[PDB]
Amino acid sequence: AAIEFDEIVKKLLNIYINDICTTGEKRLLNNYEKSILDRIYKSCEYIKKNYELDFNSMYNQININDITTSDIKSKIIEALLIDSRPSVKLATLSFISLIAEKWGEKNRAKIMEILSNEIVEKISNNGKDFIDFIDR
(Lines of atoms letter the chains of each structure in order from A and count residues from 1; the text may use other names and numbers.)
(Lines give C-alpha, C1' and ligand atoms only; values in the text may rest on other atoms or scores of the structure.)
Protein backbone atom coordinates (compact mmCIF):
# COMPACT_ATOMS: atom_id res chain seq x y z
CA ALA A 1 0.00 0.00 0.00
CA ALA A 2 0.92 3.69 -0.01
CA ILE A 3 3.54 3.51 2.73
CA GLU A 4 6.30 5.68 1.26
CA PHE A 5 5.09 8.74 3.19
CA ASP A 6 4.69 7.06 6.58
CA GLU A 7 8.18 7.89 7.86
CA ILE A 8 7.84 11.47 6.63
CA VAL A 9 4.62 12.07 8.58
CA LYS A 10 6.12 10.33 11.62
CA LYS A 11 9.07 12.73 11.57
CA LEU A 12 6.92 15.85 11.18
CA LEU A 13 4.62 15.00 14.10
CA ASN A 14 7.60 14.57 16.43
CA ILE A 15 8.55 18.09 15.36
CA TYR A 16 5.15 19.77 15.40
CA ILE A 17 4.16 18.68 18.91
CA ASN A 18 7.60 19.50 20.33
CA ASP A 19 7.21 22.99 18.88
CA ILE A 20 3.70 23.25 20.35
CA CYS A 21 4.98 22.12 23.75
CA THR A 22 7.65 24.82 23.61
CA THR A 23 4.95 27.37 22.75
CA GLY A 24 2.87 26.16 25.69
CA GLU A 25 5.84 26.36 28.05
CA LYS A 26 6.68 29.86 26.80
CA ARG A 27 3.03 30.85 27.19
CA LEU A 28 3.02 30.30 30.95
CA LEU A 29 5.92 32.68 31.60
CA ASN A 30 5.73 36.27 32.84
CA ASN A 31 7.40 39.26 31.20
CA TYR A 32 10.50 38.89 33.37
CA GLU A 33 11.06 35.22 32.52
CA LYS A 34 10.60 36.08 28.85
CA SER A 35 13.12 38.91 29.12
CA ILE A 36 15.76 36.62 30.63
CA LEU A 37 15.13 33.88 28.07
CA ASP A 38 15.46 36.39 25.23
CA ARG A 39 18.85 37.45 26.59
CA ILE A 40 19.98 33.82 26.50
CA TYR A 41 19.19 33.53 22.78
CA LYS A 42 21.11 36.65 21.76
CA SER A 43 24.01 35.78 24.07
CA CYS A 44 24.51 32.20 22.89
CA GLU A 45 24.06 33.12 19.22
CA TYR A 46 26.70 35.81 19.68
CA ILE A 47 29.24 33.29 20.96
CA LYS A 48 28.48 30.66 18.31
CA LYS A 49 28.95 33.43 15.75
CA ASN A 50 32.29 34.76 17.01
CA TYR A 51 33.61 31.41 18.26
CA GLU A 52 32.35 29.19 15.44
CA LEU A 53 35.83 27.98 14.50
CA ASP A 54 36.66 27.13 18.12
CA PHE A 55 33.38 25.27 18.59
CA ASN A 56 33.88 23.45 15.28
CA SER A 57 37.14 21.81 16.38
CA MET A 58 35.63 20.87 19.74
CA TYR A 59 32.61 19.53 17.89
CA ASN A 60 34.77 17.41 15.59
CA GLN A 61 36.17 15.59 18.63
CA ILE A 62 32.72 15.05 20.17
CA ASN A 63 30.67 14.27 17.04
CA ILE A 64 32.34 12.18 14.32
CA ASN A 65 33.69 9.72 16.90
CA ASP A 66 31.41 6.74 17.54
CA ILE A 67 31.47 6.81 21.32
CA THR A 68 28.55 6.34 23.72
CA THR A 69 26.91 9.24 25.57
CA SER A 70 27.86 10.36 29.13
CA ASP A 71 31.44 10.18 27.80
CA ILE A 72 30.46 13.46 26.17
CA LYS A 73 28.97 14.64 29.47
CA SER A 74 32.14 13.96 31.45
CA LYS A 75 34.04 15.50 28.53
CA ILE A 76 32.26 18.85 28.81
CA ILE A 77 31.38 19.12 32.51
CA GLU A 78 35.06 19.32 33.50
CA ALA A 79 35.08 23.03 32.65
CA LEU A 80 32.12 23.53 34.99
CA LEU A 81 33.81 21.44 37.68
CA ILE A 82 36.93 23.58 38.13
CA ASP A 83 35.54 26.97 37.09
CA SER A 84 32.05 27.84 38.30
CA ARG A 85 32.22 31.24 36.60
CA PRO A 86 29.12 32.54 34.75
CA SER A 87 31.29 33.15 31.68
CA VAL A 88 32.25 29.48 31.58
CA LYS A 89 28.61 28.45 32.05
CA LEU A 90 27.56 30.65 29.14
CA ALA A 91 30.39 29.31 26.99
CA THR A 92 29.36 25.75 27.87
CA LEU A 93 25.71 26.44 27.07
CA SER A 94 26.58 27.98 23.70
CA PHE A 95 28.50 24.83 22.78
CA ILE A 96 25.55 22.57 23.60
CA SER A 97 23.41 24.90 21.50
CA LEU A 98 25.80 24.25 18.61
CA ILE A 99 25.55 20.48 19.06
CA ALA A 100 21.75 20.59 19.10
CA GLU A 101 21.89 22.81 16.02
CA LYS A 102 23.89 20.26 14.02
CA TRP A 103 22.11 17.12 15.23
CA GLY A 104 18.80 17.68 13.44
CA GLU A 105 18.35 14.19 12.03
CA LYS A 106 19.48 12.63 15.31
CA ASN A 107 17.14 11.85 18.20
CA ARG A 108 16.10 14.78 20.39
CA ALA A 109 16.64 12.58 23.45
CA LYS A 110 20.31 12.15 22.56
CA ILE A 111 20.81 15.88 23.14
CA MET A 112 18.51 16.37 26.13
CA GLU A 113 20.04 13.51 28.13
CA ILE A 114 23.30 15.45 27.93
CA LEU A 115 21.69 18.69 29.11
CA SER A 116 19.32 17.42 31.80
CA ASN A 117 20.07 15.85 35.19
CA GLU A 118 23.39 16.81 36.78
CA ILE A 119 24.56 19.14 33.99
CA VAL A 120 21.65 21.59 34.06
CA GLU A 121 21.89 21.59 37.87
CA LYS A 122 25.47 22.88 37.89
CA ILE A 123 24.69 25.71 35.46
CA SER A 124 21.71 26.63 37.63
CA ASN A 125 23.76 26.66 40.85
CA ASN A 126 24.04 30.29 41.95
CA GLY A 127 22.08 31.34 38.88
CA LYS A 128 21.52 34.85 40.21
CA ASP A 129 25.10 35.70 39.23
CA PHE A 130 24.50 33.93 35.92
CA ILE A 131 21.55 36.16 35.02
CA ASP A 132 23.34 39.36 36.09
CA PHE A 133 26.19 38.34 33.79
CA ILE A 134 23.75 38.10 30.88
CA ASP A 135 21.13 40.75 31.67
CA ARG A 136 23.87 43.34 32.20
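One-based numbering along the sequence shown.
Quick check: 120-128 versus 6-14, which has the larger average CA B-factor in the record? It is 120-128 that shows the higher mean C-alpha B-factor.
Averaging CA B factors per stretch from the PDB record, which one is higher: 80-88 or 29-37? Between 29-37 and 80-88, it is 80-88 that shows the higher mean C-alpha B-factor.
Among 69, 43, 50, 97, where is the Cα B factor highest in this entry? Largest recorded C-alpha B-factor: 69.
Comparing residue 112 with the other modelled residues of its chain, is its CA B-factor in the lowest, middle or highest third? It belongs to the highest third of the chain when residues are ordered by C-alpha B-factor.
Can you work out whether the C-alpha temperature factor of residue 54 puts it in the lowest, middle or highest third of the chain? It belongs to the middle third of the chain when residues are ordered by C-alpha B-factor.
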